Amino acid sequence: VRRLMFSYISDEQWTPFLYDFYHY
Amino acid sequence: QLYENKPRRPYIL
């Protein structure tokens, strides 16, 4: 199943792991 | 200027 993430963003570090959509 | 430039990891919306 996918991790649905938009309003409450429960994630650790900022780093761009894979080149999908959010990659800064 | 007024631009929301913050560092974001790959989180699937």
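- What the entry reports as its method is solution NMR.

### Regarding the packing of aromatic side chains
Thinking step 1. A full pass over the atoms with the stated rule returns two aromatic pairs over all chains.
Thinking step 2. Relative to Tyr22 of chain A, the ring of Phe21 of chain A has its centre 5.0 Å away and its plane inclined at 80°; by these criteria the two rings are edge-to-face.
Thinking step 3. The class of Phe21 of chain A is exposed, set by a relative accessible area of 58%.
Thinking step 4. Seen in terms of ring centroids, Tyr22 of chain A and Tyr11 of chain B are 4.2 Å apart; in terms of plane orientation they differ by 15°. Their pairing is stacked.
Thinking step 5. With relative accessibility at 21%, the residue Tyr22 of chain A sits in the partly exposed group.

### Points about the interface of chain A and chain B
Many analyses report the size of an interface as the accessible area lost when the parts associate.
Thinking step 1. With 18 residues of chain A at the interface, the matching set in chain B holds nine residues.
Thinking step 2. In total, chain A and chain B occlude about 1,400 Å² of area from one another, counting both sides; carbon and sulfur atoms represent 60% of this.
Thinking step 3. Among the residues of chain A in contact with chain B, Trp14, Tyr22 and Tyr24 of chain A are the three that bury the most area, contributing 46% of the side total.
Thinking step 4. Across the chain A-chain B interface, the total number found is zero salt bridges.
Thinking step 5. Run the count over chain A and chain B and you get eight residue pairs in polar contact.

Rules of the game
Residues numbered from 1 in each chain as written, not as in the entry; some residues may be left out. Chains lettered and ligands numbered in written order. Heavy atoms only, no water. Residues with missing side-chain atoms left out of burial classes, pairs and counts. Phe/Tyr/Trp six-rings, centres within 6.5 Å; stacked < 30°, edge-to-face > 60°. Buried < 20%, exposed > 50% of the residue type's maximum accessible area, 1.4 Å probe, protein only. Contact = heavy atoms within 4.5 Å. Buried area = accessible area lost by both parts, 1.4 Å probe. Salt bridge = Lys/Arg side-chain N within 4 Å of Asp/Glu carboxyl O. Polar contact = N/O pair within 3.5 Å; in protein donor to acceptor, adjacent residues only side chain to side chain.

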